[PDB]
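Just one chain follows, in the form deposited in one PDB entry, and it is written as structure tokens.
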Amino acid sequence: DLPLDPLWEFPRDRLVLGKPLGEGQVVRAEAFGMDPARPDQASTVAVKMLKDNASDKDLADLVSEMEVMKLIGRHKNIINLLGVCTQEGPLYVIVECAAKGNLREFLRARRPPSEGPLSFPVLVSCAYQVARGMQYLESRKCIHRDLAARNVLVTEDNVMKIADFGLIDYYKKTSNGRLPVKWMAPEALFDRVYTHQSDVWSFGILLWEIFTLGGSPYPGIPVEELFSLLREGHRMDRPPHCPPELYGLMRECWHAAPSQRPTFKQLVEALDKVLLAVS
């Protein structure tokens, strides 16, 4: 069915499929000897596969996702491709499994009922890692198109990993009540133009999500009211307990002209300066 890539082929009999993670469909699995330095050791991985009644187009999209991940290469702040099963059975695409779920849920669960465990330098470090991940993806000509705290995964060691960059319906409200239009740069929403600078805008919204501990952007504003506010050049206010250093960066990400927004490289440098100063 598919060509053999000996660089990425992982033996399917060395995978123990487990619990479903989402719906292609994703399952948790145990892989033996995924690390060449540890030949028989188990690791927990995430495996993407086709549904039972998948079409030839669904196969194409999954193969395409796999190929893009191969080309992008490896980085500590992205969900990495670990292996593939293409021979003598169904197509499996094996990636890193982050134990602590998406960043939005990670932040919300740590809201204090009092001081929370996520102090200011931890929140800056979180933002810094996301910017480092985006800087890597940009250097690999990857435009995310939906960067948000829900699309960042958190490992057992609290390492931030950009998810779902290997590719949506912006107007459909998700089961968790997310409206993706709220992360769209104006040139993407109004003019269908997606660039690395439109991801910079989305990064600004993600910065706002971090400093509100997973708040929902433009709080209590319906989508129809959002369009008019964006046309007037309205921007979210400085949220509670957010210092001007961080709100200033959010405002820079939200400059109307994409050429006036900082680059992912400048955001990495700016967040590193904040972290060195406070810590």
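Residue numbers run from 1 along the displayed sequence. Only the largest set of C-alpha atoms that superpose within 1.5 Å between the two forms is called the rigid core.
Quick note: we don't show the form deposited in another entry, though the next part is all about it.
Superposition on the rigid core between the shown form and the other one places the CA atom of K70 less than 2 Å from its counterpart.
Core-superposed comparison between the shown form and the other one: the C-alpha position of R38 differs by no less than 2 Å. Relative to the superposed core, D56 undergoes a C-alpha shift of no less than 2 Å between the shown form and the other one.
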